[PDB]
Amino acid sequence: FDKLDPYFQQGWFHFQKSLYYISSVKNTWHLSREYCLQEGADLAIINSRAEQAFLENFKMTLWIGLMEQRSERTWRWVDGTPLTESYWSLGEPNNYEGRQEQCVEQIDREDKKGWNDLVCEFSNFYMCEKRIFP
């Protein structure tokens, strides 16, 4: 609580040893990330099935901290770790209609939930994550 209370007072909330922040504006993937960096954090990194479920239940399209390595169709989290367990929604990732879809969102759609690759210059609400305890 000494650690957490200053963050709660700014609208962060706590799930399994991280704090999370949901933005009140949409932004490009890069400027979303810049906000989280400025807060001493980063875009959210999904490390378990439970954290994915927690993410999905906000019923909100959210940028998360996963981005393609160049155009290689391989993926790295913002902390540098490679993608291992994934929650792509059906049919994704797909560089839809031949567009460069290098940044990852969590989608909120009827009959389609999970991650989607999207153009990084499109805008979404975004979720920051700060690990508090190891």
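A residue's number is simply how far along the shown sequence it sits, counting from 1.
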103-111 or 66-74, whichever carries the higher mean Cα B-factor: 103-111
Stretch with the greater mean C-alpha B-factor as recorded in the entry, comparing 91-99 against 25-33: 91-99
Candidate set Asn116, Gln9, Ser18, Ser123 [ranked by C-alpha B-factor, highest]: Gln9
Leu4 by Cα B-factor - lowest, middle or highest third of the modelled chain: highest
Among modelled residues of the same chain, the CA temperature factor third for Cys128: lowest
